[PDB]
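Q: Sending over a structure as structure tokens; questions will come in a sec.
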Amino acid sequence: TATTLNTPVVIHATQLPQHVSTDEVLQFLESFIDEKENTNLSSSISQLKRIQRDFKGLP
Amino acid sequence: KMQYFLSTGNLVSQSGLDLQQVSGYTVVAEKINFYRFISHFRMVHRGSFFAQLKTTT
Amino acid sequence: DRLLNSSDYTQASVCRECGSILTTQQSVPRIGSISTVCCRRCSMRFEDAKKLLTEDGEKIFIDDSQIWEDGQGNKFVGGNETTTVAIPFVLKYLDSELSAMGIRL
Amino acid sequence: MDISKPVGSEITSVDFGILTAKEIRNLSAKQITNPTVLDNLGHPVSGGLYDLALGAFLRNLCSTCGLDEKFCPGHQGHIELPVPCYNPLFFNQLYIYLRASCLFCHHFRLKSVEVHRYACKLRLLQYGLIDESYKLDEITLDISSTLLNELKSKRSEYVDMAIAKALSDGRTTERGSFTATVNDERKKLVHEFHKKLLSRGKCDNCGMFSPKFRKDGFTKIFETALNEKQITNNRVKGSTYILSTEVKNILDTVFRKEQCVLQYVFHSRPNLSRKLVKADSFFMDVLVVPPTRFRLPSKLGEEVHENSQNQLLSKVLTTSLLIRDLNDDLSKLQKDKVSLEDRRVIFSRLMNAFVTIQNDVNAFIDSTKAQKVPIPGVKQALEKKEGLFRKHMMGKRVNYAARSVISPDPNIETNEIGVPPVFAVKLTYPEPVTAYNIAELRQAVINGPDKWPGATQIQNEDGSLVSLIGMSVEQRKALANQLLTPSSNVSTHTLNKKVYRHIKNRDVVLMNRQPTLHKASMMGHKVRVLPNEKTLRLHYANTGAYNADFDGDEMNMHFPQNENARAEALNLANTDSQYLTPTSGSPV
Amino acid sequence: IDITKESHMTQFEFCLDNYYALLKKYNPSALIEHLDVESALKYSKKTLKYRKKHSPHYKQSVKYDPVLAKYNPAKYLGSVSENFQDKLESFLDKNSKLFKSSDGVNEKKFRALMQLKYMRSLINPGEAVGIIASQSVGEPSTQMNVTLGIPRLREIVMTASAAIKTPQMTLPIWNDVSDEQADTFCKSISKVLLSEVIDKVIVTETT
Amino acid sequence: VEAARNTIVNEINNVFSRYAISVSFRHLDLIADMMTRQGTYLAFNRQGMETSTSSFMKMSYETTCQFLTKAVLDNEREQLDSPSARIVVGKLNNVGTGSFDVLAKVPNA
Amino acid sequence: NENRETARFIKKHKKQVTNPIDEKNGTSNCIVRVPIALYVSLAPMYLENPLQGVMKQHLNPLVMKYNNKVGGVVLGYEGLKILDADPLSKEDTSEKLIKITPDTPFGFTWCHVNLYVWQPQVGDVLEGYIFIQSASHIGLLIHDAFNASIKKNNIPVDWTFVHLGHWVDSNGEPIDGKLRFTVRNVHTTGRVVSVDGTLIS
Amino acid sequence: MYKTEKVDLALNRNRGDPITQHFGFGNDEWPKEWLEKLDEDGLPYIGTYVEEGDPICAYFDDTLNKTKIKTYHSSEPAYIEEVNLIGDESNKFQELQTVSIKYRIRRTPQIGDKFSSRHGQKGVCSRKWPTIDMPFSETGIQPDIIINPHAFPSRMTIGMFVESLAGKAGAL
Amino acid sequence: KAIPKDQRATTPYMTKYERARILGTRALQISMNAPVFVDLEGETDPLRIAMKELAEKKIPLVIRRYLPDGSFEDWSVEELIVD
RNA sequence: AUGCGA
Ligand SMILES: [Zn+2]
Ligand SMILES: [Zn+2]
Ligand SMILES: [Zn+2]
């Protein structure tokens, strides 16, 4: 991923970030991972599941 | 000096020999055709300086 | 297609913050660092950098002369004819410049 | 070009403007100080014109990016000029402004309130409010400072009102107003302004008698004496050579004291950048160094001759080092040496050296500004018949093109062109492979570069090129079964392979015959490869549009490489769309 | 109007002998749903009235601009130059007897066809008409009392010289002005230099 | 101005008519309108070109350095409209097929 | 004037947030949600899945990856919206419009998306499960995702070795499981992103 | 068509020191298929067919320890007509560093080749018409050349008409 | 800049230049694996395919007619009279 | 740059 056909020309934020709660983070994680599971990114998604597991209590 | 001048045709001297140009005096015999070879020695030029003129008189 | 695409079409670096296509350079990599696009004009000398009154983390890039820079990471690539690059050669000597605008940074 | 490599950062405009020595020093990849060019009889001199910081060379990587001669784009160095000198291109300008100043007050010899009136007109003409610019002249009332300030107040009030109206009315914008008529009214105004600026043959704001300024032509200004009537008039109001340095020190202060008008005098549009107008723009305190990439030597068949830029720039560096040597004389002398007039010769070195270096910078800019076939400078490089702009910008050589003597043939269509199989096998189209063209391109690859509708090369979606110039029928057979392979990298999953197929009977080609005299002389014809031909074959019906005849006429054949250029050459430029001329609409 | 279209735009009789073919090309039923067929035609009727009312150049009743000024000629069929409209109507009137020999075409369906040909003959948005102009003046100038040919064209186009080489002013002479009066006036305006009257000059320098 | 315009179109029409050349009046009429665009008799040489707004078009005709100097001294900005100027920067020419843009309608569901 | 340029350094080099310790007993909320605007390319092959095109092309490679602009490793995206190229179409249309380049079949579009980014800063107190223990570092893993290492020099000498043997804490028992540290530095110039931690502050 | 070439090894040498290149070989490692064109003395066999890429000579420079060759670069094949060894004007130069090689390129009449009468009415050959397809006279012949009649009305080359009828009478 | 759809005032007809660009760009898209919305019917030339797509007006392209002011009119293929 | 082909 090195050129326009893969990488965005420009990225800008429109507001100052918002400190998503643990509960909002977990709900986002579950919705994103669950919606995506239904491609080497899958392996990073597996890491997101570990984050999910770490934000769930136990590895 | 005469091989160089005869090999380029850029004749230059402290009087200019009273001639309107300092190049073009020499031509390759270009023997590609006997017609061309004999024609070179019966060719005469009005000179480059009149080649530069815009008119036709 | 004729006067460009089939002649000297070049994707050339331009600095989105300074509007020139000739200060751009490839920053030097390291065993842990890739080659990164940097604009020389948009980079502070690591010897200054308000260091007397003052880092982001990823704004230091190094020159083949081992020179540290801060910034210069805001340049992109745009399609132009290479002779255009030839213009900075003479024009930049002429003490003038091209501010090649684009996008809207 | 590749359709597989888009960009989305197009240039939308081009700003022009002068550099600054601090900008050059900050961007500069190196200072070049050594008038040497090569070292060890065969090496790039350290910190010289061929230092590797100025790009890659001789398998030496660019010392500024570490990139090969085939990869390094190159980087621009700079020269710290001994003195300041004069920018030739603006020498006519700065000379005018020298003649326009007052030397005892350092103001323009034109009435200050009249100057402010000029600033008003040029401000209204940045927004192109011409009717208001002319309406300003009407504001009218020994003249008190309260009254001249009342004129400045009323005029500023008119600028503020006419602007507030025009921005309210959207009849202009913060970005200015620019049209052919506005440009013309500006040039007219700035001309009359320069005539008023030059008209004052003594000052007015200070009443002082400025000297008459004379010039050599391109390297020296002199300051003429005054008359005892004017000198004693100056006291009651109480030719000399000058250096570029003195001019710079005067013009800095004059250009600062008159910044308020010059803000709009030096911009035809609003200076949004609040850029101060500095005198250092007409003088060169430093000199840049072009990329080595553009300084390569002139090798003609075998002979390697040094670049003429290296020669003129080396002359600047040598002369500059001589002046540096005079500065060595200042470290040398100047302890005190109270009566050593010995420096009377070093003073000849200062005048001669200084005019000499200035002249040599001029010569490097414009050969016709120095003092037998003098290497050309950038001014000669850019202009005349060539004008880099004309010979390599407004027209260029092009790839995917052929030239050949045309031969008649009545059996082809009147819209086709008979392409000899040398061109049919030597001209390619970059065809992306799909499910619908896999058969044809697989066959073309199987044929190889040495057949008919085969294909010379295959460009992967990964960007790499695989030439078929020397592959065997076996290897090309193997690649034919790989033209349709799956994705491999998320970086490339959106692309499909490309095949450089030979020109064939389904492509359109743009034929041009010199005379171009009109658009109808360069039409698109449908390619028909003719066997055992060696000449571009053309139907007789076209010969009255090209004004072509088989006597020996040669034609250029252009092969467009893009579906946009194909569709246009089949729909807009095509011969059938040219059955009538626009001159008269009589069939040609 | 595009020059590459105009050639037959004023050849009505030909279009008539090929009426049904051109009706098959430019069939309007496909297009009559995308445009207006009346607004311009109505302006054409009121303006044709005012135009026949004022059919002296600079004491006419200026009030009605041409239909091309008031309606996009590509959108309301009938917005056409008054010269073309005039020629078309005059053709339909001078051939009413040809309109009494046809299978059945009429000046309203034929006039409709010629208006639609006019709409379909217009220059496309974006046409490179500048370049086309320049080539249409240059290219034919290669075949080339007052200055003629290329020097004359250069004297105008290239230099716009305020000093013509052969400046002339044409003077129309009233119908009442006799030819003999005209020769008298020709003598009366021409310059007469003093040299032109001198026969001999004898200087006897004595000192 | 209108009389000089009609005189131009008549004089050029006479020059071509002398050689029995047909030339559409639309061409001559356009050229005349362009020579009078400022209300005067603005020839087509460098002098008339000075008043045009595209600095690259000036640069690419004649006195390249003179137009460059007058441009820099102005701090001019090129709005990159001239076809020549646009070629200089490797931009789709604004004439003809580049007189407009093409976008795509794409399904959102 | 000489303070415009220093306003340029401070106001251009300012940092947005200082993620605090949750309840002052957890870890810093370096995970934040920030709505951004990106400019991405759309291939023709996704012309029938354009939001999915933008996803598979640009946004999918961004997850679990550091972005200098966002200041962290993108934890995920929320609410993709293609900015319509054409007004007078409300906001809920059945098709959008996008500009195609004047040279290629590729499209370019504006996108608005919320990013979930892990934005750690120096001073943040974090806990990790010990990955490794070598005599110059202790490897840990934050949330089972972020690699972290505390080199011997940044650990208090008052810590105790037990022989790759084992480290024993300053209290007199060997370390085990999780460690609480302050963030000294984050190294993202390499292939991945290593967070430099300290046990001495 | 004959093209003459000078293969010089001093064209820009530098006296005694410089000399080291000798036509021939040394490393053996060269492709022995070069003998297919160059004789064991380093000069091509007079008569050899050569196509672009074939070696026109081979030599050896001690500094490079390599067998080098001067390649032939042309659009068409030729044949070597003469190879002339030049030691001349030299003081010693015994190493035979200058060689003149003449290439013979045959030029068959072909479509596009120009032909002209003694009347300045020049034309390219549009095609090489089959003899069967040519027109044949009742004399049993088919012409060598066919010239379009419509060329004469503008040129008024009627001297060519008379030359045709005079050459016909004079041949008969 | 947005010329309201109710206010579009330009030629209802597709110019030859408009048709040329549409057919070229759309053809190029089909040649880069844009989804074909019509039967390929045997064809292999992407340009003739785009011509078929124009013949059925299935093309999903829009012409942005520029005005020198900067206002523009977004026109569908499915409305601009093709010829 | 000279000559020259169209
Ligand atoms: Zn920059
Ligand atoms: Zn470099
Ligand atoms: Zn004064």
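Residue numbering restarts at 1 in every chain; chains get A, B, ... in the order shown in the structure tokens, and ligands count up from 1 in that same order.
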Restrict the distance test to only C-alpha atoms, flag each residue of chain F within 9 Å of chain D, and return the flagged residues as a compact mmCIF listing (two decimals) with N, CA, C and O atoms, in the first residue's frame.

A:
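Output file out-v3.txt is given in full below:
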# COMPACT_ATOMS: atom_id res chain seq x y z
N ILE F 21 -11.05 33.54 -53.45
CA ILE F 21 -11.13 32.57 -52.36
C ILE F 21 -12.45 32.78 -51.64
O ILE F 21 -12.84 33.92 -51.36
N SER F 22 -13.14 31.69 -51.34
CA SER F 22 -14.23 31.73 -50.39
C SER F 22 -13.71 31.55 -48.97
O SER F 22 -12.95 30.62 -48.69
N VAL F 23 -14.12 32.45 -48.08
CA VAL F 23 -13.83 32.37 -46.66
C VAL F 23 -15.11 32.74 -45.92
O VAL F 23 -15.69 33.79 -46.18
N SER F 24 -15.54 31.88 -45.00
CA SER F 24 -16.73 32.20 -44.23
C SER F 24 -16.55 33.54 -43.54
O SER F 24 -15.49 33.85 -42.99
N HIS F 27 -15.35 33.65 -39.73
CA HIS F 27 -13.95 33.71 -39.33
C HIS F 27 -13.46 35.14 -39.27
O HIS F 27 -12.96 35.60 -38.24
N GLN F 38 -10.66 45.49 -27.03
CA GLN F 38 -10.46 46.59 -26.10
C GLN F 38 -11.03 47.92 -26.59
O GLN F 38 -10.81 48.94 -25.94
N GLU F 50 0.72 41.77 -24.91
CA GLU F 50 1.03 42.25 -23.57
C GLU F 50 -0.21 42.35 -22.69
O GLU F 50 -0.18 42.00 -21.51
N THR F 51 -1.32 42.83 -23.26
CA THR F 51 -2.53 43.09 -22.50
C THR F 51 -3.34 41.83 -22.17
O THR F 51 -4.17 41.87 -21.26
N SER F 52 -3.10 40.73 -22.87
CA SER F 52 -3.70 39.46 -22.46
C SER F 52 -3.24 39.05 -21.07
O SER F 52 -2.19 39.46 -20.57
N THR F 53 -4.07 38.22 -20.44
CA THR F 53 -3.98 37.93 -19.01
C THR F 53 -3.15 36.71 -18.69
O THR F 53 -2.71 36.56 -17.54
N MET F 59 4.86 34.38 -22.37
CA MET F 59 6.21 33.84 -22.29
C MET F 59 6.54 33.02 -23.52
O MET F 59 7.68 33.03 -24.01
N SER F 60 5.55 32.30 -24.04
CA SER F 60 5.76 31.27 -25.06
C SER F 60 5.61 31.81 -26.47
O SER F 60 5.60 31.02 -27.42
N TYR F 61 5.47 33.12 -26.64
CA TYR F 61 5.45 33.69 -27.97
C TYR F 61 6.79 34.34 -28.29
O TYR F 61 7.58 33.78 -29.06
N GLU F 62 7.06 35.50 -27.72
CA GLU F 62 8.30 36.21 -28.00
C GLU F 62 8.70 37.00 -26.76
O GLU F 62 7.95 37.09 -25.79
N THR F 63 9.88 37.60 -26.83
CA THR F 63 10.46 38.32 -25.70
C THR F 63 10.18 37.59 -24.40
O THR F 63 9.74 38.17 -23.40
N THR F 64 10.43 36.28 -24.42
CA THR F 64 10.08 35.43 -23.29
C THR F 64 10.55 36.04 -21.98
O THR F 64 9.79 36.15 -21.02
N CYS F 65 11.82 36.44 -21.93
CA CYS F 65 12.36 37.01 -20.70
C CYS F 65 11.71 38.34 -20.34
O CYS F 65 11.61 38.67 -19.16
N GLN F 66 11.30 39.14 -21.33
CA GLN F 66 10.64 40.40 -21.02
C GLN F 66 9.27 40.20 -20.38
O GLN F 66 8.95 40.84 -19.37
N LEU F 68 8.47 37.46 -18.83
CA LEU F 68 8.79 36.88 -17.54
C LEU F 68 9.08 37.97 -16.52
O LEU F 68 8.58 37.94 -15.39
N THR F 69 9.90 38.95 -16.91
CA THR F 69 10.27 40.02 -15.99
C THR F 69 9.04 40.79 -15.55
O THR F 69 8.81 41.00 -14.35
N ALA F 71 6.10 39.77 -15.50
CA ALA F 71 5.25 38.91 -14.68
C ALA F 71 5.76 38.82 -13.24
O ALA F 71 4.99 39.00 -12.29
N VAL F 72 7.05 38.55 -13.07
CA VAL F 72 7.61 38.43 -11.73
C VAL F 72 7.46 39.74 -10.98
O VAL F 72 7.09 39.77 -9.80
N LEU F 73 7.76 40.85 -11.65
CA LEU F 73 7.70 42.15 -11.00
C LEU F 73 6.29 42.45 -10.51
O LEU F 73 6.11 43.19 -9.54
N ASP F 74 5.28 41.87 -11.17
CA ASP F 74 3.90 41.98 -10.74
C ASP F 74 3.56 41.05 -9.59
O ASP F 74 2.50 41.21 -8.98
N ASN F 75 4.42 40.09 -9.28
CA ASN F 75 4.06 38.96 -8.42
C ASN F 75 2.90 38.16 -8.99
O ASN F 75 2.07 37.63 -8.25
N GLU F 76 2.84 38.09 -10.32
CA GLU F 76 1.64 37.61 -11.00
C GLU F 76 1.32 36.19 -10.57
O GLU F 76 2.20 35.41 -10.19
N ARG F 77 0.04 35.84 -10.63
CA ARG F 77 -0.39 34.46 -10.51
C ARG F 77 -1.01 34.04 -11.83
O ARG F 77 -1.91 34.71 -12.34
N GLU F 78 -0.51 32.95 -12.39
CA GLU F 78 -1.14 32.29 -13.52
C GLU F 78 -2.38 31.51 -13.10
O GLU F 78 -2.30 30.59 -12.28
N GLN F 79 -3.53 31.87 -13.66
CA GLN F 79 -4.75 31.10 -13.44
C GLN F 79 -4.84 29.93 -14.41
O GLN F 79 -5.87 29.26 -14.47
N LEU F 80 -3.76 29.69 -15.16
CA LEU F 80 -3.59 28.51 -15.99
C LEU F 80 -4.80 28.26 -16.89
O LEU F 80 -5.34 27.16 -16.95
N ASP F 81 -5.23 29.30 -17.60
CA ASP F 81 -6.31 29.17 -18.57
C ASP F 81 -5.83 29.02 -20.01
O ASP F 81 -6.43 28.27 -20.78
N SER F 84 -1.82 27.04 -24.29
CA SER F 84 -0.37 26.93 -24.22
C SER F 84 0.12 26.82 -22.78
O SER F 84 0.84 25.89 -22.42
N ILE F 87 -0.67 23.55 -21.37
CA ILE F 87 0.27 22.55 -21.87
C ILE F 87 1.57 22.60 -21.08
O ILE F 87 2.17 21.57 -20.77
N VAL F 88 2.03 23.81 -20.75
CA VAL F 88 3.31 23.94 -20.06
C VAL F 88 3.30 23.18 -18.75
O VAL F 88 4.33 22.66 -18.31
N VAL F 89 2.14 23.11 -18.09
CA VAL F 89 2.00 22.45 -16.80
C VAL F 89 1.43 21.04 -16.93
O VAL F 89 1.16 20.39 -15.92
N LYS F 91 -1.52 19.73 -18.25
CA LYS F 91 -2.90 19.76 -17.79
C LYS F 91 -3.81 19.48 -18.96
O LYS F 91 -3.52 19.90 -20.09
N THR F 97 -13.10 18.55 -25.72
CA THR F 97 -13.45 17.48 -24.80
C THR F 97 -13.03 17.78 -23.37
O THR F 97 -13.52 17.14 -22.44

Q: What does the list of residues within 6 Å of ligand 3 look like if you count only C-alpha atoms (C1' of nucleotides) and all ligand atoms, written as a VMD selection string?

A: chain D and resid 102 104 to 109 203 205 to 206 208

Q: With C-alpha atoms retained, could you export that selection as an mmCIF file, in the first residue's frame?

A:
data_model
loop_
_atom_site.group_PDB
_atom_site.id
_atom_site.type_symbol
_atom_site.label_atom_id
_atom_site.label_comp_id
_atom_site.auth_asym_id
_atom_site.auth_seq_id
_atom_site.Cartn_x
_atom_site.Cartn_y
_atom_site.Cartn_z
ATOM 1 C CA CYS D 102 15.531 61.459 -3.082
ATOM 2 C CA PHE D 104 18.791 63.515 1.241
ATOM 3 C CA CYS D 105 15.499 62.317 2.714
ATOM 4 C CA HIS D 106 15.111 58.918 1.049
ATOM 5 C CA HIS D 107 11.556 59.518 -0.178
ATOM 6 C CA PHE D 108 10.119 59.698 -3.669
ATOM 7 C CA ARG D 109 10.493 63.158 -5.201
ATOM 8 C CA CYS D 203 12.758 66.358 -4.788
ATOM 9 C CA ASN D 205 8.929 66.113 -0.004
ATOM 10 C CA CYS D 206 12.363 67.357 1.059
ATOM 11 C CA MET D 208 16.649 68.462 -2.006
#

Q: Any idea what's packed within 10 Å of residue 131 (chain E), counting only C-alpha atoms (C1' of nucleotides), ignoring anything in its chain fewer than 5 positions away? Could you give it as JSON, numbers by chain?

A: {"D": [518, 519], "E": [136, 137], "F": [27]}

Q: Show which residues sit within 7 Å of residue 73 (chain G), as a list in words. Count only C-alpha atoms (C1' of nucleotides), and ignore same-chain residues fewer than 4 positions away.

A: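 Selected residues are residues 64, 65, 66, 67, 117 and 118 of chain G.
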
Q: Store the residues picked out above in a file with C-alpha atoms, as a JSON list (two decimals), in the first residue's frame.

A:
[["chain", "number", "residue", "atom", "x", "y", "z"],
["G", 64, "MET", "CA", -4.03, -2.23, 13.41],
["G", 65, "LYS", "CA", -1.61, 0.21, 11.80],
["G", 66, "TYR", "CA", -0.02, 3.45, 12.98],
["G", 67, "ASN", "CA", -1.08, 6.68, 11.29],
["G", 117, "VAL", "CA", -7.11, 5.30, 17.39],
["G", 118, "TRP", "CA", -4.77, 4.30, 20.21]]

Q: Write down as a list in words the residues of chain F whose backbone DSSP state falls under strand (DSSP E).

A: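 These are the residues in question: residues 77, 78, 100, 101, 102, 103, 104, 105, 106 and 107 of chain F.
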
Q: What is the CA of residue 65 (chain I)-CA of residue 15 (chain I) distance in Å, reported with one decimal?

A: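 CA of residue 15 (chain I) lies at a distance of 10.7 Å from CA of residue 65 (chain I).
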
Q: What does the distance between CA of residue 10 (chain A) and CA of residue 37 (chain G) come to in Å, to one decimal place?

A: 8.0 Å
